[PDB]
Amino acid sequence: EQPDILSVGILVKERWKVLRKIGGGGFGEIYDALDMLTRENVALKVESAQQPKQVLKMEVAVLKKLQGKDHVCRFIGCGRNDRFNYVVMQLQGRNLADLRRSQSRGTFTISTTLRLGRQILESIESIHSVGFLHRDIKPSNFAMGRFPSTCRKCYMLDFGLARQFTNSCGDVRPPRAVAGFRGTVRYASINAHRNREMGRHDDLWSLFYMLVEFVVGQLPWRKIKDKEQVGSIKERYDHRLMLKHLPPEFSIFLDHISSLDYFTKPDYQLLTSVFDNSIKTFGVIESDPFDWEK
Ligand SMILES: COc1ccc(Oc2ccc(Nc3ncnc4[nH]ccc34)cc2)cc1
């Protein structure tokens with residue numbers, strides 16, 4: 001097998017001391033580093049400068065575009081050399097994929113699900129608003145903050161698979177006839193399965209699948225390994241069945257996203273009202289313990 005892209009102990013740009021590898025999936029590796037300028041721990045993403053698919057150029061572009069917005073890591077630095085490309089950003093805390101897996105039956109309560117859901121929808125509207133599609137919405141791309149002031153905030157952690165979908169003016173770009181999907185089968189919309197150009201609604205489909213998995217603990221295509229077979233299931237599936245364990249207003253959510261296509265801007269305010277109305281109906285308040293606190 002290959003060694004780690006970076007040796008633990010090295011200094012990147014005479015500033016970022018590599019301490020430990022913390023992740024390895026996607027199209028590179030991520031490390032906890034010490035920033036010797038600010039004297040703080042940071043996250044350091046790296047990719048080989050020779051590997052066939054490099055995505056950190058996209059990571060930097062989107063992270064920069066989103067500075068000042070909610071639910072995103074603070075940008076700290078970036079660079080390219082003959083060995084590796086790197087991006088430095090705020091280090092966060094516990095990953096939603098991990099937090100869900102730690103639950104008794106892999107489920108969150110509707111209180112935790114609704115609050116996380118609404119934060120995630122905020123993060124999706126935000127990336128759409130600067131002209132990018134995420135295209136890889138899944139639990140492991142979100143984490144809670146790691147300080148008292150940030151640990152009730154959910155952050156969108158990665159943008160590697162994003163695509164710019166607009167002009168500078170906000171004109172939706174003509175879709176390609178074929179678009180080869182590189183995201184996760186489990187949370188992918190039918191359009192990803194069909195190798196169609198993904199749109200804003202495909203990120204909302206993936207959120208819908210994440211919310212259902214949070215409350216039910218599994219999706220109907222949990223045990224199916226073949227990507228096509230998953231696609232077939234989704235193509236025929238009656239998504240109304242997934243409403244059973246969601247608050248009633250999610251019928252509005254599902255009817256709305258079902259109506260959308262590549263060329264149709266989502267009604268984000270309608271989808272936000274589904275969360276806001278559900279949270280009031282269930283008497284949920286922001287200070288209530290999340291499931292991992294209690
Ligand atoms: C499928 O379930 C999984 C997969 C991978 C995984 O590991 C990690 C580890 C780190 C990160 N990312 C980050 N972490 C902390 N601070 C961060 N700032 C920016 C990215 C980042 C994401 C998943 C955890 C759960």
# chains A, B, ... in the order shown; residues from 1 in each chain; ligands from 1

$ residues_around --residues "region 45-56 of chain A" --least-positions-apart "5" --cutoff "10 Å" --atoms "only C-alpha atoms" --output "VMD selection string"
chain A and resid 5 to 6 21 to 24 26 to 33 61 to 62 78 to 89 158 to 162

$ residues_near_ligand --ligand "ligand 1" --cutoff "7 Å" --atoms "only C-alpha atoms and all ligand atoms" --output "number ranges by chain"
A: 22-23, 25, 30, 43, 73, 89-93, 95, 97-98, 140-141, 143, 157-158

$ residues_around --residues "residue 225 (chain A)" --least-positions-apart "4" --cutoff "10 Å" --atoms "only C-alpha atoms" --output "list in words"
residues 185, 186, 221, 229 and 230 of chain A

$ write_last_selection --atoms "C-alpha atoms" --output "PDB file, in the first residue's frame"
ATOM      1  CA  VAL A 185     -24.781   5.924  -4.257  1.00  0.00           C
ATOM      2  CA  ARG A 186     -26.786   5.848  -0.987  1.00  0.00           C
ATOM      3  CA  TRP A 221     -31.678   0.485  -0.595  1.00  0.00           C
ATOM      4  CA  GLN A 229     -30.034  -1.710  -8.802  1.00  0.00           C
ATOM      5  CA  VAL A 230     -30.199   1.199  -6.357  1.00  0.00           C
TER       6      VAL A 230
END

$ residues_around --residues "residue 282 (chain A)" --least-positions-apart "2" --cutoff "12 Å" --atoms "only C-alpha atoms" --output "compact mmCIF listing (two decimals) with N, CA and C atoms, in the first residue's frame"
# COMPACT_ATOMS: atom_id res chain seq x y z
N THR A 109 -33.68 11.54 17.25
CA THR A 109 -35.04 12.02 17.54
C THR A 109 -35.48 13.04 16.51
N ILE A 110 -36.76 13.29 16.48
CA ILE A 110 -37.27 14.30 15.53
C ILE A 110 -36.75 15.70 15.95
N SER A 111 -36.55 15.96 17.23
CA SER A 111 -35.94 17.24 17.70
C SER A 111 -34.57 17.45 17.06
N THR A 112 -33.67 16.48 17.17
CA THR A 112 -32.32 16.60 16.62
C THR A 112 -32.42 16.64 15.09
N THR A 113 -33.24 15.80 14.50
CA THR A 113 -33.38 15.69 13.02
C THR A 113 -33.83 17.03 12.45
N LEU A 114 -34.85 17.64 13.05
CA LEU A 114 -35.38 18.89 12.48
C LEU A 114 -34.34 19.99 12.58
N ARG A 115 -33.66 20.11 13.70
CA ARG A 115 -32.67 21.20 13.87
C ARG A 115 -31.49 21.01 12.92
N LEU A 246 -41.95 11.27 9.34
CA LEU A 246 -41.63 12.73 9.34
C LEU A 246 -42.86 13.53 9.73
N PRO A 247 -42.65 14.73 10.32
CA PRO A 247 -43.78 15.62 10.63
C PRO A 247 -44.64 15.84 9.39
N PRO A 248 -45.94 16.13 9.55
CA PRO A 248 -46.85 16.18 8.42
C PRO A 248 -46.44 17.13 7.30
N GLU A 249 -45.83 18.28 7.63
CA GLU A 249 -45.56 19.29 6.59
C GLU A 249 -44.50 18.78 5.63
N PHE A 275 -39.62 23.25 7.94
CA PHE A 275 -38.80 23.06 9.16
C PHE A 275 -39.31 23.96 10.27
N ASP A 276 -39.56 25.21 9.98
CA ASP A 276 -39.92 26.18 11.05
C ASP A 276 -41.27 25.76 11.67
N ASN A 277 -42.23 25.44 10.84
CA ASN A 277 -43.58 25.04 11.30
C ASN A 277 -43.50 23.75 12.08
N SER A 278 -42.70 22.80 11.62
CA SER A 278 -42.57 21.46 12.28
C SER A 278 -41.94 21.65 13.66
N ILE A 279 -40.89 22.49 13.74
CA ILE A 279 -40.17 22.76 15.01
C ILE A 279 -41.13 23.41 16.01
N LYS A 280 -41.98 24.32 15.56
CA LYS A 280 -42.96 24.95 16.48
C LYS A 280 -43.99 23.92 16.91
N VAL A 284 -40.00 22.25 19.80
CA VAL A 284 -38.52 22.18 19.83
C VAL A 284 -37.92 23.58 20.00
N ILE A 285 -36.96 23.74 20.91
CA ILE A 285 -36.23 25.03 21.08
C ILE A 285 -34.74 24.74 20.85
N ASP A 288 -32.51 22.90 23.50
CA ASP A 288 -32.81 21.50 23.89
C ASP A 288 -31.57 20.69 23.62

$ select_by_dssp --residues "region 52-216 of chain A" --states "strand (DSSP E)" --output "ChimeraX atom specification"
/A:75-80,84-89,132-133,142-144,154-156,163-164

$ residues_around --residues "residue 72 (chain A)" --least-positions-apart "3" --cutoff "12 Å" --atoms "only C-alpha atoms" --output "PyMOL selection string"
chain A and resi 59+62-69+75+89-92+119-120+122-124+126-127+141-145+150+153-159

$ closest_residue --among "A:240, A:71, A:134, A:118" --to "residue 198 (chain A)" --atoms "only C-alpha atoms"
A:134

$ atom_distance --atom1 "CA of residue 130 (chain A)" --atom2 "CA of residue 211 (chain A)"
24.3 Å
